[PDB]
Structures are given as C-alpha cells and as structure tokens.
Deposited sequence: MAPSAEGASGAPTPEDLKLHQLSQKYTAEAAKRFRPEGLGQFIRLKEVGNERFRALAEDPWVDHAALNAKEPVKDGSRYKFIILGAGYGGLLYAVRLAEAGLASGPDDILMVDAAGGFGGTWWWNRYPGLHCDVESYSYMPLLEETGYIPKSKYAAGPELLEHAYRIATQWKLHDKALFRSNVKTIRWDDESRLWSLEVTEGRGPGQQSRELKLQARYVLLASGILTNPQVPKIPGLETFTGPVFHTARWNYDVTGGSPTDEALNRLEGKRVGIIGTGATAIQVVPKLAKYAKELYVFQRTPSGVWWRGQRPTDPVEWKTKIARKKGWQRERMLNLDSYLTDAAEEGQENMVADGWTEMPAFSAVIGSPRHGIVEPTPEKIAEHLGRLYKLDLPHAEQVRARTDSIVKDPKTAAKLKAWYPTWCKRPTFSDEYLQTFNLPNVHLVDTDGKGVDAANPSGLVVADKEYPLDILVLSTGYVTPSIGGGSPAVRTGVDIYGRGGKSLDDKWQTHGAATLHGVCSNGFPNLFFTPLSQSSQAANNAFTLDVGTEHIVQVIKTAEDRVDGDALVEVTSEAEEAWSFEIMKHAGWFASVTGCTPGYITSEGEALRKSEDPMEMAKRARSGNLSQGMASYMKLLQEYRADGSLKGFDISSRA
C-alpha cells in the first residue's frame, strides 16, 4: 500500500543516521572547563557574577554544619528549599545551605543569557510556583530575564538569600559512619587575583538538584585552540564582544563583522536570528539540522489568565498534566487542549517519554518490531509537516534541502521558531552543511569544511552541554562529584559495576540521607519543571514522614532488596526504549554509545508509562507512611 510504501522514509532516515556514526561516541566532545588550553577553559567562567558584592558578605566558615545541604540553586534546588520550608523541616537558621557554582540563583537561567533566549515550554506550565508567588508571566513563552527574575522572586519570597553559598564547586560528598553526617568538599571562587577558599561543610541530609545540561562542551575540532578571533560558548555569552546585554539585543559590535556559529540545536535556533540582524555576514555551521516547528509567541491576556489559566486552586499541576498527556500519547477524546501549542502535535514523542495507553512492550523481536512500526506510523504525519513547513519558508531549494531533518521526532529535542527558517532567506546568512560530518578543522583565521575554508572574525560555540545521560546516569558523574557512602563505598563504582540501583530514582542503598532528583529509573516529561515538581515533592514528603516517625532527626536508607526490586521493575520496561535504536546520534543515544550485560544496561532506563503514572505510583506509595523498603532509625 501507499501508507506502507511511504516507509522507504525509514530508508532515508537510516542513511542520514549512518552519515553521522562516530566510532568515538561521546569521545568527540570535551568539557570546556577541561580543555588543555587555559584561554579556552576560561570560556567556562561565570560572566555575570559580581565578585565585589559577594566578597563583601559574611563568608561561610570552614567546618560549618547544617540540617540540609542542597546542591543547586536553580528551579530544582529552589523547589526543594521551598518544599522543606512548607513541610516545616527548615525553620531554624542553619537548616538550609544551598550550594551552587553559579554566582547567584537560577541555575540554567543564571548561566544562559544569550540574545533571544526563551523557555521552549509554555511559561504558565514551566515557571514554578506561579500560584504561590502570585506572578503572572508576561507572555506565552518566557524570556531569560523574566526567568531569572522569577528565581529571585522565589528566593525572596522564601527568604533564601542568606542561605546560599555561590561560586562554589562541590567535589566530594562523603558519609562519616562515626558522626553520622555527610561532609562536602567545596571550593569557593573569590574573584580575579583572589585566592579560592577550600571549605568542608557538613549536613544530616544532602539533596542533589545538580541538573542535566550544566557543563558546556565543545567538539574536538583540530586546531580550534588556534583560531585568533574572539570565541565564546552560548552558555557563557560575551556581551563585550557582541555589544548589547542580557536585556539589550542590539548587538551593535557585530556590525561590519564576519560571525560564525557552530551548531543548530535549540540555542542556535533562538540566537541565529539575533546574530543575522547585526552581523555583516553570518555563517551557520551544521552537522545535523533541527526539526523546526512553529512557536506562536503571544502576550498574556488578562481575561484569558483568570478564565483559562489560573482557573482554580492547584491549577498549575493540572495544566502540566494536560500538556504532558499529548506527549505521552494519552490525550482523552474531547479533552480541552489547554496549552494548544506545537508540543501538542507530536504524539510520537511518547517513543522516548512513555505512554500509559499501550501496555508494556514484551521483549521478543516480533513485539519490538510491532512497537517500532506503531511509533514510526504515529510520527509520520507530524514529521512530514515539519519538512513541508521548511520547504515552504526557505526560498532557495538547496538551502531548504539542507535544513530538512530526516529522523523521527523523538530522536532530538524538538525546537520551535517563527523566525529561524526565514533567517536563511537573508542575503548575509549562509548555511554551511557538513554532510553529517561536522567541522573539519580550524585555523587562525577560521574553519575548514571539506577543504573549503571559511574565515571568521568572531566564533560562537552553540555546541551544547555534556549529555544528561553521562556515566550511565550515575548521579555522581552527572553532578561532577565523587560520592562515598557507608564503608567508603563509591556511588559511581556501584553504579558502573552492579548497574543503576535506586528506589523511585531518588536514593540508593549505602547512601543514607542522600537524595537526588530522579533521572535513571523513573520517568521524565518534556517539561522538566513537571519532573522536578513531582520529584522534589516525593523526596521532601518521604523525609517528612521519616522525621515525623522518629520525632525529628532521621536516618533514612533504602534497602538493597527494595532498590533491586525497583531495578528489576525498570528492566521490565526496557522494550519501550528500543524506540531509540534507529536514532541519529545525539545526547539521547549518547552519540550512538547507548550477553546479560544488556540487562545491566537496561537497569539505567525509565518506566515506560509516563509522568502521570509514575506520579500516581508515588502518591500511593506515600499514602500510609510505611515507607516500604526504607530502613528508618534515629540518626542520633
């Protein structure tokens, strides 16, 4: 048939995926902060921190003790802090220390302030604690500054300003069997030509909200060190080079200049138009095009607000559920599509998120093939619309051809823009495709691709971050710390040797009083704030329960039995994620790197049924205070 014929599409998809097989896998990238050359490393530094201001506050003392240490002061760590405060667990003045390498609150929204930055999920669904702060976002999609200001709004509202230690890198988290406390080894930056302070900090509990897209990377492009013009990563934007500011997109200092951008991910989609407006020439260096769908940015309407958004108590959680029902292929028949944007048009995104509607995939080759066939057929209509949209906007057919993405929607993060594609209709903008191969080399005046050379004045690296999957999902690797628990046992060694092991994705046996936002062995939503909502609430509620059961000062530790049962649960769901086999490389296959070694690998994945289902499971689990599978006792 016609329908079945059209899957020679999956022949174009495997050809385009093959084109970019790299035998090195993740080995092609290096963290900015680990590059040999010091000039280069310095690109990872915080451009925004006011060291004078921070250096004048009372310093945190070496040997300080707290009830809770939270690693991370972005939306995730803020949610933990707010939840602890509302649970009645953090009333005392040393009950919370938040620690972050950033110079202030916001995480993602502290570091990234490049021109054009917006959240890609609806503001009303994404910004935390809207109902509790009373804040009304200005638009459908929030810009950086509004996002950062909201982080400040939260910290202000819950009086967190004097409970944070910034500019600080955590290196080690070590449990002490004797005193029953975690010790953190921390290095606090004090500004240029000042000595850093080495700190040892102790806590009863450590809560990690260390994030997932945290460590800007660059590709190992031969001779990149040697390019002599100004270079910067989008995650550490250089407004001195560019002109403008976080709240001024007039990039006056690009006028007359020849600007290069490596990468075509969400960041490039947002930045490219802003660069085109100012630069004399803009060269865009592409290895894999994004599928660019429509955005539909809109100012908030005050009638729509009280009628259709803030509809009642608890409205935001209901809205987040509504949005995610489209992405988990679960929207019921005549339900209201509350968000009604481009995310609600991609039901094959469930390939990578889960769905509660289709059962569990049995792990026979016939059942996997049927699952994949189903998902490929589900995706076909949206995927063909994305290519057609590109076809219609981009006037030159050669450039249109290169901008078309040929992979299932689920293989990369979808991107949304009403200006990016149109930007390539401008005369000063040149797409440089690398045929799946990437940039070849650099030299003092610019880059080389297939022996042609492209001279540049200013180079922008929109080459992304260390994958969220790093270290098979090890919470240690992902946060960039060594974690040692009972008997000096290393979290990461356990993870690598025995496989992923948690209960509900948030704790591990041997590591009492440590919790982490769930990544491995849980579920995820496109809307990360939803995940953080669910996960921070579960963690704080488990701790609340345990504290209440011992009448303050608990020691809470999942058993090996309970984590191992949960891990066999996760293995049962692994067939869902055969969906990822056919993917073009990207952070979701760990650039293609993702016997019974297979079941060890399977342990690091997720439930297959979506966020709502995981959430409900946690609610039922907490309901009777039993904390089944935890060893609870008095810490003192």
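According to the record, the deposited residues with no C-alpha atom in the structure span 1-13, 608-613.
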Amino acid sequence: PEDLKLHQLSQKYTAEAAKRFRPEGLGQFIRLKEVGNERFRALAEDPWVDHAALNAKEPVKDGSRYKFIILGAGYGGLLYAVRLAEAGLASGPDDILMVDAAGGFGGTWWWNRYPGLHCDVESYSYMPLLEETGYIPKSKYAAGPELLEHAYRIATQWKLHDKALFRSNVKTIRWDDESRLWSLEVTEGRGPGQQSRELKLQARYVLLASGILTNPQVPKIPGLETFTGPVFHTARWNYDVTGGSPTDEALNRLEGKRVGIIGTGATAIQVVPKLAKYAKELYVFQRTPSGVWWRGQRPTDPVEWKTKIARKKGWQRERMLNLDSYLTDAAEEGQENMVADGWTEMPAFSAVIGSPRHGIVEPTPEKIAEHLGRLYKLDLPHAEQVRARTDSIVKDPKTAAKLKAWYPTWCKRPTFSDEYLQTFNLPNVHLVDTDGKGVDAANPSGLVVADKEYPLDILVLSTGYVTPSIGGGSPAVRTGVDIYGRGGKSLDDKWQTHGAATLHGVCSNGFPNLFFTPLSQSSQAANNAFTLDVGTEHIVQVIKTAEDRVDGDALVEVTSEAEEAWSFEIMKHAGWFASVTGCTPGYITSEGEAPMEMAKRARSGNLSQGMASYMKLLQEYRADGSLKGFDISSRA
From here on, numbers count along this sequence of modelled residues.
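Averaged over Cα atoms, the B-factor as recorded in the entry is higher for 365-373 than for the other of 314-322 and 365-373.
Taking the PDB entry as given, 295-303 carries the higher mean Cα B factor of the two stretches 295-303 and 112-120. Set against one another, the Cα B-factors of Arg197, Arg478, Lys494, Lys437 in the record reach their highest point at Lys437. Residues shown: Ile458, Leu184, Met338, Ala525. Highest C-alpha temperature factor in the entry: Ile458. The PDB entry assigns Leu208 a C-alpha temperature factor belonging to the lowest third of its chain's modelled residues. Placement of the Cα temperature factor of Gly605 within the chain: lowest third of the modelled residues, per the deposited record. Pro59: CA B factor lies in the middle third for its chain, per the PDB record. Ranked against the other modelled residues of its chain, the C-alpha B-factor of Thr581 as given in the entry falls in the highest third. In this PDB entry, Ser290 carries a Cα temperature factor that places it within the middle third of its chain's modelled residues.
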